[PDB]
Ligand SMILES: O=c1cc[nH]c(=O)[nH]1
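Listed next as structure tokens is one chain, alone, in the form deposited without the ligand.
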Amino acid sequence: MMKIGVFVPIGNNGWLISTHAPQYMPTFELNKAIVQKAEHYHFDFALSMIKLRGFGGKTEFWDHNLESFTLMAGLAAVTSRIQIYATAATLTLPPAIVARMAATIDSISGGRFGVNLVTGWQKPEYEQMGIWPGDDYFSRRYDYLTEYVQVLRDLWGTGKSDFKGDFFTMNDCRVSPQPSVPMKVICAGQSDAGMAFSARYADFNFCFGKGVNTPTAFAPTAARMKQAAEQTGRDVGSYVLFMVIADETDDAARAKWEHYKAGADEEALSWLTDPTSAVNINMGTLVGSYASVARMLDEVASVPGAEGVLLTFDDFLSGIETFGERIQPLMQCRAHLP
């Protein structure tokens, strides 16, 4: 039994850095079509990242990015069942503002909203607007995030905070209304510090899938996350990020993957710096027939600590359709759906 989410393309061209990949801008209407089709095929959740600066090149890769809370507020208004997660770049928003935005999208969605809390680590995204705290941030960022989430938990739990720390001073800070359901916090910590944060404050932790057609290769990461969760006694499972490149046959899927690699936008790859390829930021990739991808996702579901997968596709509109019509019906870990 495994949850499935869609990582919505809030940035241009999704997760392929290639002149041979589909070229598209992130629009509301594209993300609306993607999330409504994901909801139709019983995807459990939709998440958007936040990406405040791109990598340029021929494809202007991630030069064009919408903002995560406003995108997800719009998507909440045109959905009814799928869970909706926005990402907070915690250097860019005061916690009381995130608290109130989360209560707002709770109201829009009827209790289907959560927040992905990130420290940020790419200095230029912050330096460009004069808000990088300096190179001490690399080591202290989970101290900062710990204070941030304490403020969030106070406001969502009681409506008020008197929290006083190194980074925040709350003087009877108020945020009402409080969310109608317990607010879900998710984290994407890979480091020991990040997983220790997730074990204390997250409902679940996102990690990277690893390799091409080695679906269980992330297992050591999920094991580290289970060990971190033992230290708090909390049930904090792993949701694993993969790109799915599926077709009618293994050969046809491999032909598309190779076509994408052949178009690699090397100027964009420069800025960013059977093996994984920089063409999708060395993402965990599942490349095969619909049946091969279903088998490989059933293998993810068997890894200790894995509770779900977060999916990108080479083509989201056709990828979600073929996932729902051809892959998901063969998955033992989705036999619970209608």
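Don't overthink the numbering: it's just position in the shown sequence, from 1.
Checklist line | Check: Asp274 without coordinates in a third or more of other entries | finding: It is, since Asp274 is left out of at least a third of the other entries that model both flanking stretches.
Margin query: Can you tell me how many deposited residues have no coordinates between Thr273 and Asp274? The categories are none, 1 to 3, 4 to 9, and 10 or more.
Written below: Missing in between: 10 or more residues.
Check: Out of 71-79 and 115-123, which stretch has the higher average CA B-factor listed in the record?
Finding: The stretch with the larger mean CA B-factor is 115-123.
Note to self: Mean CA temperature factor from the deposited coordinates, higher in 226-234 or in 129-137?
What the structure shows: Going by the record's values, the stretch with the higher mean is 129-137.
Note to self: Can you tell me which of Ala103, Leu152, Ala193, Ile97 has the maximum CA B-factor listed in the PDB entry?
What the structure shows: That would be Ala193.
Next item on the list: Can you pull the Cα B-factors for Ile186, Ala199, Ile84, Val240 from the entry and say which is highest?
Entry: Among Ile186, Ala199, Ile84, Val240, the highest C-alpha B-factor in the entry belongs to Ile186.
Margin query: How does the C-alpha B factor of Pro329 compare with the rest of the chain: lowest, middle or highest third?
Written below: Ranked within chain, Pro329 CA B lands in the highest tercile.
Next item on the list: Relative to the other modelled residues of the same chain, rank the CA B-factor of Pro26 and answer lowest, middle or highest third.
Entry: It belongs to the lowest third of the chain when residues are ordered by C-alpha B-factor.
Note to self: Test of reading the entry: by CA B factor among the chain's modelled residues, which third contains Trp156?
What the structure shows: For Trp156, whose C-alpha B-factor we compare with every modelled residue in the chain, the answer is the lowest third.
Next item on the list: Among all modelled residues of this chain, ranked by Cα B factor, put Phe55 in the bottom, middle or top third, i.e. lowest, middle or highest.
Entry: CA B-factor rank for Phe55: highest third.
Check: If you rank every modelled residue in this chain by C-alpha B factor, which third holds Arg295: lowest, middle or highest?
Finding: Answer is highest: the recorded C-alpha B-factor places it there.
Omitted from view is the form solved in complex with the ligand, to which the following refers.
Item checked: the ligand contact at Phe167 in the deposited complex, heavy atom, 4.5 Å -> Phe167 lies outside the contact set for the ligand.
Check: Just to confirm, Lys51 within 4.5 Å of the ligand in the deposited complex by heavy atoms?
Finding: Contact with the ligand, yes.
Next item on the list: Would you check, heavy atoms only and a 4.5 Å threshold, whether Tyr137 touches the ligand in the deposited complex?
Entry: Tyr137: no contact with the ligand in the deposited complex.
Next item on the list: Classify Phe313 as contacting or not contacting the ligand in the deposited complex by the rule of any non-hydrogen atom within 4.5 angstroms, answering yes or no.
Entry: Although the ligand is absent here, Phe313 would stay clear of it in the deposited complex, with no heavy atoms inside 4.5 Å.
Checklist line | Stretch 1-22: residues contacting the ligand in the deposited complex, 4.5 Å heavy atom cut-off | finding: Residues within 4.5 Å: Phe7, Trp15.
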